[PDB]
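Results of the structural survey
Each chain, letter by letter, is given below.
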Amino acid sequence: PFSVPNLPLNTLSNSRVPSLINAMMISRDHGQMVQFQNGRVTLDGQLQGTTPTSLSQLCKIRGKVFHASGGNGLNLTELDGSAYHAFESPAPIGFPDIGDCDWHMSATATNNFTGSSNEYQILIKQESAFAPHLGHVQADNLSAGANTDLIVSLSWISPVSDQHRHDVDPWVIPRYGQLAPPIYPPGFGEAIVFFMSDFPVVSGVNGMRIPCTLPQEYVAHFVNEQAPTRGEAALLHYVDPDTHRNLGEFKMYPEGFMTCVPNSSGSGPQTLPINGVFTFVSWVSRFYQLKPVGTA
Amino acid sequence: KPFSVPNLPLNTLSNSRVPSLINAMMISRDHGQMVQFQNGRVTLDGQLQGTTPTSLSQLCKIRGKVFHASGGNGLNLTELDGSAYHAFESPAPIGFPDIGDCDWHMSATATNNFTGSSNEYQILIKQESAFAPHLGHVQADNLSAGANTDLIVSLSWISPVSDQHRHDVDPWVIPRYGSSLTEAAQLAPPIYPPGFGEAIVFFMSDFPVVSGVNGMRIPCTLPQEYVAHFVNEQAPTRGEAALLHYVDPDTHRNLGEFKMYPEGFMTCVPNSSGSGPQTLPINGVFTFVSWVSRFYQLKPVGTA
Ligand SMILES: CC(=O)N[C@H]1[C@H](O[C@H]2[C@@H](O)[C@H](O)[C@@H](CO)O[C@@H]2O)O[C@H](CO)[C@@H](O[C@@H]2O[C@H](CO)[C@H](O)[C@H](O)[C@H]2O)[C@@H]1O
């Protein structure tokens, strides 16, 4: 039988940055199409894009340092050190999927870590030399010796160094060179539900907020259960865990995203409490029409 | 509601004491006769203990407001979602690091109007007199942020104590949460190997550790994703121990048997003073077989 975790939203992580969920929102501006490569899984538990099972892999890069005149960089591996296969994913698993911005990152030596001299604050730009699908990225302020093995964490993001735009749009994915497919709102006034987390973002279009389509812990749940998809959509109730009151109904599609219908041009799930739990009710057809959620 | 463990290969899951992929299993006679880790702690029926979070997004994080004092700067702790820390329910805020008797090198970001490089702070949290997380404050070195600044702080690396009283990092020990003043309340209880010739199984991850007793290796008693699974399922504990097989996910062969106790830890029996599960592949899955008595005798696992 299909289930979603019996876990309050505000105890779970974003699937695009390692940060607690603190809000739900819908977006007319940005919610017309999304093609996030992280937080992507089918309801029967098929991982897509660069999506890991574990948050320990999310927004991480691993590789060996190269030195070139045009600039230093990393020859990418998987985070466990095994070889990256171009034919399996658009980048190594857990590779950040926030496009068209500067990545400020913290790299540590994986071999004989000595301390401060084996930690490197580096800048990865999304310019010509950014080719994760080919297995290499260019890094600025990377002083480590050639062939040094580094594990790299995303610290913060900021507007592109080359100034071709002055803000960060976290709704866009990188130009990698097997992309998780685009997701569109399915029709009849349904809007994609985005799980929001705060993250250090300089001049973000939505501020210091990062959207995703699934809590990370839902991803691990589907990959574990592998429950057969027995319908066109899973009808969910969002319920108060104390009272067991139905705060609103939502559809989860086999592609592994959620929709609601907002109340007459309203904010939809944005006004709901964030300490609620989603609960599977039943499989429903494409024809099923959701009771509008939230305020006018 | 039947008890289960996640059908997920070990090497795709996280340590529950640092956010790092599991790359090994080991037993320890030296360190493994008692452990009292505060993270990765949950009962098989899904009761969180110590400082253990559901989500890895909370693990090895600190949140607080900066204070400036003569003795030095520090953080007045909150929970990671910014809500107030109450001493009664935990030894420290949820997800607070539980690696004792070492220096914490950490990365702090401003949670309000983040401007860039000047709103990221490389800071040092020492475990000396002013380390009092249970009382809701820690002293922080090399912290330049203005008073009352709200910071979210991630563990970057750990190293031997600044005060030189030891020269290595023992990741098997937990912090003194109440300092010299009090013993912290709601500590997750100590755990010992229960059965005949049984050793506690430790899930190992690589982490930047300077001069670690086990090098760059951090032990825990549960993969983090198992914690979220038990808290989700809340399966009634119907026996004294859960018998598991560790199975090849493709091949499907049973690579060894293990016992999981209601306290939320696992044991094996090593072969004649051997490395036990250390020689097993790390891409296996644990599978629930049945409820057995505490007395049930495990087939020895591993070589030597
Ligand atoms: C190997 C060593 O001694 N490392 C320490 C480092 O030494 C410097 C320098 O002072 C030294 O003369 C020379 C080689 O011996 O070059 C090295 O780069 O100095 C740093 C900075 O203080 C120490 O780091 C600190 O050590 C503390 C324990 O004594 C504690 O772990 C702190 O957290 C850590 O920052 C090196 O230990």
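Residues numbered from 1 in each chain as written, not as in the entry; some residues may be left out. Chains lettered and ligands numbered in written order. Heavy atoms only, no water.

Observations regarding the overall build of chain B
A tally of regular secondary structure across chain B gives 1 helix and 14 strands. Dimensions along the principal axes, computed over C-alpha positions, put chain B at roughly 60 × 40 × 40 Å. Within chain B, counting contacts between residues at least 6 apart in sequence, those at least 24 apart form 73% of the total. Surface accessibility of chain B: about 11500 Å² in total, with carbon and sulfur atoms responsible for 48%. Positive and negative side-chain charges in chain B, numbering 16 and 25 respectively, have mean positions lying 5 Å apart. (Helix = DSSP H or I, 4+ residues; strand = E, 2+ residues; numbered from the N terminus. Contact = heavy atoms within 4.5 Å. Areas by Shrake-Rupley, 256 points an atom, 1.4 Å probe, with all protein chains shown as cover. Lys, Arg positive; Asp, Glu negative; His and termini not counted. Charge placed at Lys NZ, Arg CZ, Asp CG, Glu CD.)

Overview of unusual backbone geometry
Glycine aside, residues mostly have negative phi, and peptide bonds are mostly found in the trans state. All names here are of chain A. For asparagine 112, which is not a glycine, the phi torsion comes out positive at approximately 50 degrees. Mapping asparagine 112 onto the fold places it in the loop between β4 (102–109) and β5 (119–124). Residue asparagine 112 is classed as exposed on the basis of its relative accessible area, which comes to 59%. You will see that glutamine 163, though not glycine, has its phi angle at about 70 degrees, which is positive. If you trace the backbone, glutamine 163 turns up in the loop between β7 (149–158) and β8 (191–192). (Buried < 20%, exposed > 50% of the residue type's maximum accessible area, 1.4 Å probe, protein only.)

Quick look at the sheet that holds strand β3 (residues 73–77) of chain A
Residue and element names in this part refer to chain A. Taken in spatial order, the 6 strands line up as β5-β4-β7-β2-β3-β6 in an open sheet, and their pairing is antiparallel. Strand pairing shows two members of the sheet lacking a second neighbour, β5 and β6 (136–138), which therefore form its edges. When strand polarity is set aside, the average angle formed by the axes of neighbouring strands in this sheet is 40 degrees. Judged from the 5 bridges that link them, strand β2 (residues 60–66) and β7 form a sheet pairing that is antiparallel. Along β7, the bridge assignment pairs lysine 60 with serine 153. (Pairing = 2+ DSSP bridges. Axes fitted to C-alpha atoms, helices over the stretch in contact; angles between N-to-C directions.)

A word on the site of the ligand
Residues and elements named next belong to chain B. Close to the ligand lie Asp103, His105, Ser159, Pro160, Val161, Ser162 and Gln164, which account for all nearby residues. A distance of 2.9 Å separates an oxygen atom of the ligand from a polar side-chain atom of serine 159. When isolated, the ligand has an accessible area of 710 Å², and the protein chains bury 27% of it. Each of domain 1 (1–58 + 160–304) and domain 2 (59–159) accounts for three or more of the residues forming the shell around the ligand. (Near = heavy atom within 4 Å. Polar contact = N/O pair within 3.5 Å; in protein donor to acceptor, adjacent residues only side chain to side chain. Domains from an automatic or database assignment.)

Side note on the domain arrangement of chain A
All names here are of chain A. Domain annotation for chain A reports domain 1 (1–57 + 159–296) and domain 2 (58–158). Tallying the contact residues gives 38 residues for domain 1 and 35 residues for domain 2. Both sides of the domain 1 and domain 2 interface together cover about 2800 Å² of buried area, and 57% of this is carbon and sulfur. For the pair domain 1 and domain 2, the interface holds 2 salt bridges. (Buried area = accessible area lost by both parts, 1.4 Å probe. Salt bridge = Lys/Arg side-chain N within 4 Å of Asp/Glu carboxyl O.)

Points about the nonpolar core
Within the largest apolar cluster, 75 residues are counted, with the highest numbers of intra-cluster contacts made by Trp103, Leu150 and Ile157 of chain A together with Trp104, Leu151 and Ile158 of chain B. Setting aside chain neighbours within four positions, we find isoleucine 157 of chain A in contact with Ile98, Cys101, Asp102, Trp103, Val168, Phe199, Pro200, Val201, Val202 and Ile210 of chain A. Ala234 of chain A together with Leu8, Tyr246 and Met260 of chain B belong to the second largest nonpolar core, which has 63 residues in total. (Core = buried A, V, L, I, M, F, W, Y, C linked by side-chain atoms within 4.5 Å.)

Some remarks on the sheet that holds strand β12 (residues 246–253) of chain A
Residues and elements named next belong to chain A. Strands sit in the order β8-β13-β12-β11-β14 across an open sheet of 5 strands; the sheet is antiparallel. Both outer strands of the open sheet, β8 and β14 (277–284), are each paired with one neighbouring strand and no more. Relative to strand β13 (residues 257–260), β8 runs antiparallel, the two sharing 2 bridges. The residue of β13 that forms the bridge with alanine 191 is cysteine 260.

Some details on helix α1 (residues 224–233) of chain B
For α1 of chain B, a buried count of 10 out of 10 residues is recorded, marking the element as mostly surrounded by other parts of the structure. Within the span of α1 of chain B, buried status applies to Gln224, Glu225, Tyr226, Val227, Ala228, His229, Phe230, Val231, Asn232 and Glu233 of chain B. Residues of α1 of chain B that are buried make contact with α1 (216–225) of chain A together with β12 (254–261) and β14 (285–292) of chain B. Phi for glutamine 234 of chain B, located one or two positions after α1 of chain B, is positive at around 55 degrees.

Focus on α1 of chain A
Counting buried positions along α1 of chain A gives 9 out of 10 residues, so the element sits mostly inside the fold. For α1 of chain A, every residue scored as buried is listed here: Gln216, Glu217, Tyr218, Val219, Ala220, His221, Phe222, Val223 and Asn224 of chain A. Looking at the packing, one finds that the buried side of α1 of chain A touches β12 and β14 of chain A together with α1 of chain B. With its phi angle positive at about 50 degrees, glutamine 226 of chain A sits one or two positions after the end of α1 of chain A.

Details of the domain arrangement of chain B
How big an interface is tends to be stated in terms of accessible area lost as the parts join. Residue and element names in this part refer to chain B. As assigned here, chain B comprises domain 1 (1–58 + 160–304) and domain 2 (59–159). A separation of 27 Å is found between the C-alpha centroids of domain 1 and domain 2. With 43 residues of domain 1 at the interface, the matching set in domain 2 holds 37 residues. For the interface between domain 1 and domain 2, the tally reads 2 salt bridges. Run the count over domain 1 and domain 2 and you get 16 residue pairs in polar contact. Residues belonging to the side of domain 1 that touches domain 2 are distributed by class as follows: 22 nonpolar, 16 polar and 5 charged. (Nonpolar A, V, L, I, M, F, W, Y, C, P; charged D, E, K, R; others polar.)

Looking at the interface of chain B and chain A
Every contact between the two is made by 42 residues of chain B and, on the other side, 43 residues of chain A. The largest per-residue losses of area from chain B upon contact with chain A belong to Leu21, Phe114 and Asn232 of chain B, which jointly make up 19% of the total buried on that side. At the surface where chain B touches chain A, the tally comes to 6 residue pairs in polar contact. In terms of residues, the side of chain B that touches chain A owes the most to one element, α1 of chain B, which gives 6 residues. Each residue belonging to the side of chain B that touches chain A can be placed in one class, and the counts come to 17 nonpolar, 20 polar and 5 charged.

Points about the pattern of salt bridges
Residues and elements named next belong to chain B. One pass over the structure, following the stated rule, counts 17 salt bridges over all chains. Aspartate 30 is the salt-bridge partner of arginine 29, the closest N and O atoms lying 3.5 Å from each other. Assessed through its relative accessible area of 61%, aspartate 30 is described here as exposed. Two residues, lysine 126 and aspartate 141, come together in a salt bridge whose shortest N-O distance is 3.8 Å. Highlighted residues: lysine 126 in the loop between β5 (120–125) and β6 (137–139) and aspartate 141 in the loop between β6 and β7 (150–159), separated in sequence by 15 residues. Using a relative accessible area of 23% as the deciding quantity, one classes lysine 126 as partly exposed.

Details of the packing of aromatic side chains
Scanning the model with the defined rule gives 35 aromatic pairs over all chains in all. Aromatic pair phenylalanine 250 of chain A and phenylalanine 278 of chain A: ring centres 5.1 Å apart, planes at 90 degrees, arrangement edge-to-face. Note that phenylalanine 250 of chain A is positioned in strand β12 and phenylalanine 278 of chain A in strand β14, a separation of 28 residues in sequence. Grouping residues by exposure puts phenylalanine 250 of chain A and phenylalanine 278 of chain A together as buried. Both rings, one in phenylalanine 37 of chain B and one in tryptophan 172 of chain B, keep their centres 6.4 Å apart while their planes meet at 35 degrees; by these two values the pair is tilted. One end of the pair, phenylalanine 37 of chain B, is in the loop between β1 (24–26) and β2 (61–67); the other, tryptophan 172 of chain B, is in the loop between β7 and β8 (199–200), and 135 residues separate them in sequence. Accessibility assignment for this pair places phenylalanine 37 of chain B and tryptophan 172 of chain B in one class, buried. One aromatic cluster is present, formed by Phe2, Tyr218, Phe222, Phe280 and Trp283 of chain A through successive ring pairs. (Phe/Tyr/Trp six-rings, centres within 6.5 Å; stacked < 30°, edge-to-face > 60°.)

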